[PDB]
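Novice: Below you will find the structure I want to go over with you.
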Amino acid sequence: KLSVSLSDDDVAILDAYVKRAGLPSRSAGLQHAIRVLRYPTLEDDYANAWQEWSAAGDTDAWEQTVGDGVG
Amino acid sequence: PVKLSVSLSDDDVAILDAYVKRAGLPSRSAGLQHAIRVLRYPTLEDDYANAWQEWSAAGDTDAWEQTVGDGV
Amino acid sequence: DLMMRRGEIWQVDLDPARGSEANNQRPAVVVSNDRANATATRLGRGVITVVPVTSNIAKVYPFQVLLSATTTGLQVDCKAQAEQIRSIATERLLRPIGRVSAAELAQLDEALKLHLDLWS
Amino acid sequence: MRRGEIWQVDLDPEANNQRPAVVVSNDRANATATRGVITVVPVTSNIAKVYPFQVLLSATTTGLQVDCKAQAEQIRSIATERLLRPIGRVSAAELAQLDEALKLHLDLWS
Amino acid sequence: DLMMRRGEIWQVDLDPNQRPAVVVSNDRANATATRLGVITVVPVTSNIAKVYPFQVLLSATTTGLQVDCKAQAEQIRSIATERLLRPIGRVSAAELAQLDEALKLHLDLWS
Amino acid sequence: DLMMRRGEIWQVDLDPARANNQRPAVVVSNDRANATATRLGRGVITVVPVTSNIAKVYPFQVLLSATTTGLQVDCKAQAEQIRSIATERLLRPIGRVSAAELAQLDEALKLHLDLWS
């Protein structure tokens, strides 16, 4: 547990995010923020991972399961 | 200046301190201000890419280049 | 302003064959993070993760969340089944319906943490 | 069926279409699944890159022949009848890494 | 010899070509600049299909900009005073507050 | 590819014709934009021109102390000359202002642009 000093606008942004995302606490909001700071190229990581996945044919391999448990 | 008591894991505080050292910031609080702004604008990088692409794509904006040497 | 993002409800095709193959056509809540979702929308293609939704309320379990027609845009009251979570190609997105309320989204986060043993 | 185990999965509708995956649904849902789906994370041997939503599983403890990676971004709930046989299980550290990768991909606070 | 004030939309001459821009330098610096000098402005365009966080929607007025436009704070520029031709109008205090936020976002400034 | 970062001093080309009106400038745009422009190889960077005329340092200008690596003479950043330029006008990196000098430059920008609270 720490004590931080932020501006009124900072706490307003944080509270709006926590509200929109349905998070239980400002600490949860800040955890999301830190997790975003943590991975700067995550969008790129997803693009490349999906590219590997499609290039290997794995969506065709696993697609027979897409309807399991439903219907 | 609003003050908060917040609970962050050891790993989370390590990430925050690493961002602070990385960005040459004076305190964890400044680190968290940066983090909150990032929270507010999640697609900012793509926003800049698209804004620059539209700007360069418009021919009515190249004229602004003519001012690059004003005052110097 | 639905943009294919987390918390949004979309009608998706869950049939392996798709085409003229009938049924397996369900609403679903997007639960993949919005960096992934925004990447899929930017590329026009990707792999998202959704929680299927059913109008057969039946017995409600702690890993399922009641979704109300008043807020979601669904025609009837439904139930998100976190135990049926699955990643799908964005090609299987059919039609945006709306999004869950903030309360419903919080409880769907709870249900996911329970189903996947991610409570801390 | 327990969380963290690697199992061989039947992906047929025919021939030999079977692939390993890690069980990530909790043990009790696994025990009551046939009342039915088990939630698994696919695994691949291509480890040229390992992204933050993916976890390396070390051939020492896997039971697989080579180092692999669990692709938490490809999580899928599948029919219980597809779980053929157990091949191995991840270490406690690998399973914690998989927890973090799942929270990351699914935007889940902790 | 006109006075140019922060928040005013001005028509600027880009000749070595005439474009609207919002004055964002403070009025002390502007008053000095008319006598010296450069004024810092934010270019305005009519392409409002998307308004990114470092841009501000300027709603059309009857006497100013006839169509909705946007101020692009990511294109902020300091230009020679002589280029400032005429005032077109004033952004509202709400539009200028949004422009302050866009400038702080783009320039990594707080408070 | 050279990563442009806020608070770093780059040699920039400010001539409209692209004539040896090149001079140092401090990058002041945020590093999300800067890193995007770096990653894509195109974009627009916002900089503050620097001059070796340190006759008087007004509150909207910042004294930059000379270093062994970067600027060899003391200079001043002119926040009143802030301008956005295409990335191809950034020629080569020279150095980096201190943390204190960058805070000073924050205050100078907020003063020149009326962004103070």
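Chain identifiers are assigned as A, B, and so on, following the order in which chains appear in the structure tokens; residues are numbered from 1 within each chain, and ligands are numbered from 1 in order of appearance.
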Dump as a tab-separated table the rows for residues of chain A within 12 Å of stretch 54-67 of chain D: closest atom pair and distance in Å with one decimal, only C-alpha atoms counted, ordered by chain and rising residue number.
Specialist:
residue	atom	partner	partner_atom	distance
A:42	CA	D:54	CA	11.8
A:45	CA	D:54	CA	10.2
A:46	CA	D:54	CA	10.5
A:49	CA	D:54	CA	9.3
Novice: Keeping only N, CA and C atoms, write the selected residues to a file as a short mmCIF file (atom, residue, chain, number, x, y, z; two decimals), in the first residue's frame.
Specialist:
data_model
loop_
_atom_site.label_atom_id
_atom_site.label_comp_id
_atom_site.auth_asym_id
_atom_site.auth_seq_id
_atom_site.Cartn_x
_atom_site.Cartn_y
_atom_site.Cartn_z
N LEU A 42 1.74 -4.61 -27.62
CA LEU A 42 0.81 -5.73 -27.49
C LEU A 42 -0.07 -5.88 -28.73
N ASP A 45 1.93 -7.68 -31.10
CA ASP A 45 2.03 -9.07 -30.67
C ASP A 45 0.81 -9.87 -31.09
N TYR A 46 -0.38 -9.29 -30.94
CA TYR A 46 -1.60 -9.99 -31.35
C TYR A 46 -1.64 -10.17 -32.86
N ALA A 49 0.84 -13.00 -33.66
CA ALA A 49 0.37 -14.29 -33.17
C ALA A 49 -0.76 -14.83 -34.03
#
Novice: Could you give me the residues within chain A that DSSP places in helix (DSSP H, G or I), as an MDAnalysis selection string?
Specialist: chainID A and resid 8:21 26:38 42:55 58:65
Novice: Using only C-alpha atoms, find each residue of chain C with at least one atom at most 9 Å away from an atom of chain A; report its shortest atom-to-atom pair and that distance in Å (one decimal), sort the rows by chain and rising residue number, and return the result as a tab-separated table.
Specialist:
residue	atom	partner	partner_atom	distance
C:7	CA	A:21	CA	8.6
C:13	CA	A:67	CA	8.7
C:14	CA	A:67	CA	5.0
C:15	CA	A:67	CA	5.3
C:16	CA	A:64	CA	5.1
C:17	CA	A:64	CA	8.1
C:23	CA	A:71	CA	7.3
C:24	CA	A:71	CA	5.4
C:25	CA	A:71	CA	8.2
C:26	CA	A:70	CA	8.5
C:35	CA	A:43	CA	5.6
C:36	CA	A:43	CA	6.1
C:37	CA	A:43	CA	9.0
C:38	CA	A:43	CA	7.9
C:39	CA	A:43	CA	5.7
C:40	CA	A:47	CA	7.8
C:43	CA	A:47	CA	8.2
C:46	CA	A:50	CA	6.5
C:47	CA	A:50	CA	6.8
C:52	CA	A:70	CA	8.0
C:54	CA	A:70	CA	8.8
C:84	CA	A:69	CA	6.9
C:86	CA	A:66	CA	7.5
C:87	CA	A:66	CA	8.3
C:88	CA	A:66	CA	7.3
C:89	CA	A:59	CA	7.6
C:101	CA	A:22	CA	8.5
C:102	CA	A:22	CA	4.8
C:103	CA	A:22	CA	6.1
C:104	CA	A:22	CA	8.3
C:105	CA	A:22	CA	6.3
C:106	CA	A:22	CA	4.9
C:107	CA	A:22	CA	8.6
C:109	CA	A:22	CA	9.0
Novice: Quick one: write out the picked residues with C-alpha atoms as a CSV table (one decimal), in the first residue's frame?
Specialist:
chain,number,residue,atom,x,y,z
C,7,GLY,CA,-18.6,-5.9,-23.2
C,13,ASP,CA,-22.1,-18.0,-36.1
C,14,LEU,CA,-20.9,-21.0,-34.1
C,15,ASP,CA,-21.5,-23.7,-36.6
C,16,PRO,CA,-18.4,-25.5,-37.9
C,17,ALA,CA,-19.7,-25.6,-41.5
C,23,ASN,CA,-28.5,-23.0,-36.1
C,24,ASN,CA,-25.6,-22.8,-33.8
C,25,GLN,CA,-26.3,-19.0,-34.2
C,26,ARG,CA,-25.9,-17.3,-30.9
C,35,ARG,CA,-6.0,-3.9,-27.6
C,36,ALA,CA,-6.7,-7.2,-29.3
C,37,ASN,CA,-10.1,-6.1,-30.4
C,38,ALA,CA,-8.9,-2.8,-31.7
C,39,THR,CA,-6.1,-4.7,-33.6
C,40,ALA,CA,-8.7,-7.0,-35.2
C,43,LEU,CA,-6.7,-5.3,-39.7
C,46,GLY,CA,-8.4,-11.3,-36.1
C,47,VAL,CA,-9.3,-13.8,-33.4
C,52,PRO,CA,-22.0,-17.4,-25.6
C,54,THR,CA,-28.6,-18.2,-24.2
C,84,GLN,CA,-18.7,-21.8,-22.7
C,86,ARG,CA,-14.3,-19.6,-26.8
C,87,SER,CA,-12.0,-17.8,-29.2
C,88,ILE,CA,-13.4,-17.3,-32.8
C,89,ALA,CA,-12.3,-15.8,-36.0
C,101,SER,CA,-24.4,-2.9,-18.4
C,102,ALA,CA,-21.4,-2.0,-16.2
C,103,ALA,CA,-22.9,-4.1,-13.4
C,104,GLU,CA,-23.4,-7.1,-15.8
C,105,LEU,CA,-19.9,-6.7,-17.0
C,106,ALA,CA,-18.4,-6.7,-13.5
C,107,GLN,CA,-20.3,-9.8,-12.7
C,109,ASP,CA,-15.6,-10.7,-14.9
Novice: If we count only C-alpha atoms, what is near residue A:29 at a cut-off of 9 Å, once residues fewer than 2 positions away on the same chain are taken out, given as a PDB file with C-alpha atoms, in the first residue's frame?
Specialist:
ATOM      1  CA  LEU A  14      -9.609   7.169 -13.288  1.00  0.00           C
ATOM      2  CA  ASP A  15     -13.110   7.126 -11.787  1.00  0.00           C
ATOM      3  CA  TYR A  17     -12.669   4.431 -16.432  1.00  0.00           C
ATOM      4  CA  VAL A  18     -13.444   2.340 -13.336  1.00  0.00           C
ATOM      5  CA  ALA A  21     -15.327  -0.899 -16.996  1.00  0.00           C
ATOM      6  CA  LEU A  23     -14.092  -2.285 -11.830  1.00  0.00           C
ATOM      7  CA  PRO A  24     -14.318  -2.632  -8.034  1.00  0.00           C
ATOM      8  CA  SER A  25     -11.692  -0.047  -7.055  1.00  0.00           C
ATOM      9  CA  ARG A  26      -9.382   2.758  -8.109  1.00  0.00           C
ATOM     10  CA  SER A  27      -6.537   0.335  -7.351  1.00  0.00           C
ATOM     11  CA  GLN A  31      -3.687  -1.994 -12.151  1.00  0.00           C
ATOM     12  CA  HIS A  32      -5.203  -1.905 -15.639  1.00  0.00           C
ATOM     13  CA  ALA A  33      -3.173   1.224 -16.431  1.00  0.00           C
ATOM     14  CA  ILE A  34       0.100  -0.326 -15.236  1.00  0.00           C
TER      15      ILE A  34
ATOM     16  CA  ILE B  36      -3.916   7.309 -16.196  1.00  0.00           C
ATOM     17  CA  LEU B  39      -5.894   4.681 -19.729  1.00  0.00           C
TER      18      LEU B  39
ATOM     19  CA  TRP D 109      -8.325  -7.738 -12.610  1.00  0.00           C
TER      20      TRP D 109
END
Novice: When distances are computed from only C-alpha atoms, which of D:44, D:33, D:27, D:21 shows the smallest separation from residue A:57?
Specialist: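 Nearest candidate to residue A:57 out of D:44, D:33, D:27, D:21: D:44.
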Novice: Please check the contacts: residues of chain F at most 8 Å away from chain B, using only C-alpha atoms, listed as a compact mmCIF listing (two decimals) with C-alpha atoms, in the first residue's frame.
Specialist:
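What ended up in result_35.txt:
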# COMPACT_ATOMS: atom_id res chain seq x y z
CA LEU F 14 13.89 24.27 -40.87
CA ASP F 15 14.42 25.57 -44.38
CA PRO F 16 11.26 25.55 -46.54
CA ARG F 32 3.53 7.63 -27.97
CA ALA F 33 3.41 9.85 -31.05
CA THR F 36 4.64 5.72 -33.65
CA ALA F 37 6.48 8.00 -36.08
CA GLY F 43 4.94 11.21 -39.19
CA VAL F 44 5.07 14.64 -37.58
CA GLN F 81 9.11 29.05 -31.51
CA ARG F 83 6.60 23.98 -34.35
CA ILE F 85 7.66 19.28 -38.69
CA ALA F 99 15.54 16.25 -16.14
Novice: Return the neighbours of chain D among the residues of chain B, cut-off 12 Å, counting only C-alpha atoms, as a PyMOL selection string.
Specialist: chain B and resi 7-9+11-12
Novice: Keeping only N, CA and C atoms, write the selected residues to a file as an mmCIF file, in the first residue's frame.
Specialist:
data_model
loop_
_atom_site.group_PDB
_atom_site.id
_atom_site.type_symbol
_atom_site.label_atom_id
_atom_site.label_comp_id
_atom_site.auth_asym_id
_atom_site.auth_seq_id
_atom_site.Cartn_x
_atom_site.Cartn_y
_atom_site.Cartn_z
ATOM 1 N N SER B 7 -3.698 -0.005 -3.390
ATOM 2 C CA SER B 7 -3.060 -1.299 -3.186
ATOM 3 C C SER B 7 -2.586 -1.830 -4.531
ATOM 4 N N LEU B 8 -1.276 -2.012 -4.665
ATOM 5 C CA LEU B 8 -0.673 -2.548 -5.875
ATOM 6 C C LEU B 8 0.252 -3.695 -5.504
ATOM 7 N N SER B 9 0.272 -4.726 -6.342
ATOM 8 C CA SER B 9 1.117 -5.879 -6.079
ATOM 9 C C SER B 9 2.591 -5.505 -6.231
ATOM 10 N N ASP B 11 4.782 -6.959 -8.140
ATOM 11 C CA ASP B 11 5.095 -6.900 -9.563
ATOM 12 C C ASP B 11 4.598 -5.601 -10.182
ATOM 13 N N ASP B 12 3.392 -5.163 -9.809
ATOM 14 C CA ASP B 12 2.857 -3.919 -10.355
ATOM 15 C C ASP B 12 3.729 -2.727 -9.978
#
Novice: Against chain A, which residues of chain E fall within 12 Å? For each one I want the closest pair of atoms and the distance in Å (one decimal), counting only C-alpha atoms, rows by chain and increasing residue number, as CSV.
Specialist:
residue,atom,partner,partner_atom,distance
E:101,CA,A:9,CA,10.6
E:110,CA,A:7,CA,8.9
E:111,CA,A:7,CA,7.6
Novice: Can you check which residues of chain D DSSP gives as strand (DSSP E or B) on the backbone and send them as a ChimeraX atom specification?
Specialist: /D:5-10,18-23,37-44,54-57,68-71,76-79,83-89
Novice: Just need the residues of chain D within 7 Å of chain C, counting only C-alpha atoms, so spit them out as a ChimeraX atom specification.
Specialist: /D:24-26,74-77,99,105-108,110
Novice: What residues in chain B lie within 6 Å of chain A, counting only C-alpha atoms, written as a ChimeraX atom specification?
Specialist: /B:1-7,29,35,39
Novice: Can you build me a table of chain D residues sitting at most 7 Å from chain A, with the closest atom pair per residue and its distance in Å to one decimal, using only C-alpha atoms, sorted by chain and residue number, as JSON lines?
Specialist:
{"residue": "D:11", "atom": "CA", "partner": "A:62", "partner_atom": "CA", "distance": 6.3}
{"residue": "D:12", "atom": "CA", "partner": "A:64", "partner_atom": "CA", "distance": 6.9}
{"residue": "D:13", "atom": "CA", "partner": "A:64", "partner_atom": "CA", "distance": 6.2}
{"residue": "D:36", "atom": "CA", "partner": "A:69", "partner_atom": "CA", "distance": 5.5}
{"residue": "D:37", "atom": "CA", "partner": "A:69", "partner_atom": "CA", "distance": 5.8}
{"residue": "D:51", "atom": "CA", "partner": "A:45", "partner_atom": "CA", "distance": 6.1}
{"residue": "D:78", "atom": "CA", "partner": "A:68", "partner_atom": "CA", "distance": 5.3}
{"residue": "D:79", "atom": "CA", "partner": "A:68", "partner_atom": "CA", "distance": 5.3}
{"residue": "D:109", "atom": "CA", "partner": "A:28", "partner_atom": "CA", "distance": 6.4}
Novice: Let's have the selection written as a short mmCIF file (atom, residue, chain, number, x, y, z; two decimals), in the first residue's frame, with C-alpha atoms.
Specialist:
data_model
loop_
_atom_site.label_atom_id
_atom_site.label_comp_id
_atom_site.auth_asym_id
_atom_site.auth_seq_id
_atom_site.Cartn_x
_atom_site.Cartn_y
_atom_site.Cartn_z
CA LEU D 11 -10.52 -32.49 -33.42
CA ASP D 12 -12.37 -34.79 -35.83
CA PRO D 13 -15.93 -34.22 -37.10
CA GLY D 36 -20.71 -30.50 -21.53
CA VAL D 37 -17.40 -28.74 -22.09
CA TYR D 51 4.14 -13.30 -26.80
CA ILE D 78 -14.69 -28.06 -26.22
CA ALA D 79 -16.83 -31.16 -25.80
CA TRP D 109 -8.33 -7.74 -12.61
#
Novice: Name the closest residue to chain E among the candidates F:47, F:13, F:100, F:82; distances are taken between atoms, counting only C-alpha atoms.
Specialist: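 Between F:47, F:13, F:100, F:82, the residue approaching chain E most closely is F:82.
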Novice: Could you tell me how far atom CA of residue C:61 lies from atom CA of residue D:29, in Å and to one decimal?
Specialist: 11.1 Å
Novice: Using only C-alpha atoms, select each residue of chain E with any atom at most 7 Å away from an atom of chain F, and give the selection as JSON, numbers by chain.
Specialist: {"E": [24, 25, 26, 75, 76, 77, 78, 100, 106, 107, 108, 109, 111]}
Novice: Since we have the selection now, will you write its residues out, keeping C-alpha atoms, as a short mmCIF file (atom, residue, chain, number, x, y, z; two decimals), in the first residue's frame?
Specialist:
data_model
loop_
_atom_site.label_atom_id
_atom_site.label_comp_id
_atom_site.auth_asym_id
_atom_site.auth_seq_id
_atom_site.Cartn_x
_atom_site.Cartn_y
_atom_site.Cartn_z
CA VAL E 24 -2.93 29.39 -28.96
CA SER E 25 -0.03 31.59 -27.84
CA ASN E 26 -0.83 33.83 -24.90
CA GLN E 75 0.06 20.28 -36.19
CA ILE E 76 0.81 23.24 -33.89
CA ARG E 77 3.10 25.77 -35.58
CA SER E 78 4.64 29.16 -34.83
CA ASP E 100 -6.06 23.05 -23.90
CA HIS E 106 0.13 16.15 -27.49
CA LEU E 107 2.94 17.98 -25.65
CA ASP E 108 3.07 15.68 -22.58
CA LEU E 109 2.10 18.46 -20.17
CA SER E 111 -2.05 20.80 -15.10
#
Novice: Give me, as an MDAnalysis selection string, the residues of chain E touching chain B, with the criterion being at most 7 Å (counting only C-alpha atoms).
Specialist: chainID E and resid 14 16:17 37:38 52 79:80
Novice: Let me see the file: selected residues, N, CA, C and O atoms, as a JSON list (two decimals), in the first residue's frame.
Specialist:
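Generated file (out03.json):
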[["chain", "number", "residue", "atom", "x", "y", "z"],
["E", 14, "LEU", "N", -0.28, 31.63, -46.31],
["E", 14, "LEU", "CA", 0.84, 30.70, -46.40],
["E", 14, "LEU", "C", 1.66, 30.88, -47.67],
["E", 14, "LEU", "O", 2.39, 29.97, -48.06],
["E", 16, "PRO", "N", 4.62, 32.01, -50.29],
["E", 16, "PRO", "CA", 6.08, 32.15, -50.22],
["E", 16, "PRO", "C", 6.53, 33.60, -50.42],
["E", 16, "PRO", "O", 6.66, 34.34, -49.44],
["E", 17, "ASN", "N", -3.66, 29.13, -50.72],
["E", 17, "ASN", "CA", -2.60, 29.26, -49.73],
["E", 17, "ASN", "C", -3.09, 30.02, -48.50],
["E", 17, "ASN", "O", -2.30, 30.59, -47.75],
["E", 37, "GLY", "N", 8.65, 38.60, -35.36],
["E", 37, "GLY", "CA", 7.83, 37.97, -34.34],
["E", 37, "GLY", "C", 6.93, 36.88, -34.89],
["E", 37, "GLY", "O", 6.56, 36.91, -36.07],
["E", 38, "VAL", "N", 6.58, 35.91, -34.05],
["E", 38, "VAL", "CA", 5.76, 34.78, -34.45],
["E", 38, "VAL", "C", 4.61, 34.60, -33.47],
["E", 38, "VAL", "O", 4.69, 34.99, -32.30],
["E", 52, "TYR", "N", -9.71, 12.90, -33.66],
["E", 52, "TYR", "CA", -8.81, 12.17, -32.79],
["E", 52, "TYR", "C", -8.56, 12.95, -31.50],
["E", 52, "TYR", "O", -8.83, 14.15, -31.44],
["E", 79, "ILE", "N", 4.16, 30.80, -36.56],
["E", 79, "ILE", "CA", 4.25, 31.41, -37.88],
["E", 79, "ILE", "C", 4.43, 32.91, -37.74],
["E", 79, "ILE", "O", 4.05, 33.52, -36.74],
["E", 80, "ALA", "N", 5.02, 33.51, -38.78],
["E", 80, "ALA", "CA", 5.33, 34.93, -38.75],
["E", 80, "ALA", "C", 4.05, 35.76, -38.65],
["E", 80, "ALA", "O", 3.04, 35.46, -39.28]]
Novice: Could you list, as a list in words, every residue within 12 Å of residue E:31, counting only C-alpha atoms and ignoring same-chain residues fewer than 2 positions away?
Specialist: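 Listed by chain and then number, they are residues 1, 2, 3, 4, 5, 6, 25, 26, 27, 28, 29, 33, 34, 35, 36, 37, 38, 39 and 81 of chain E.
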Novice: Have a look at atom CA of residue F:26 and atom CA of residue F:8 and let me know their distance in Å, one decimal.
Specialist: 5.5 Å
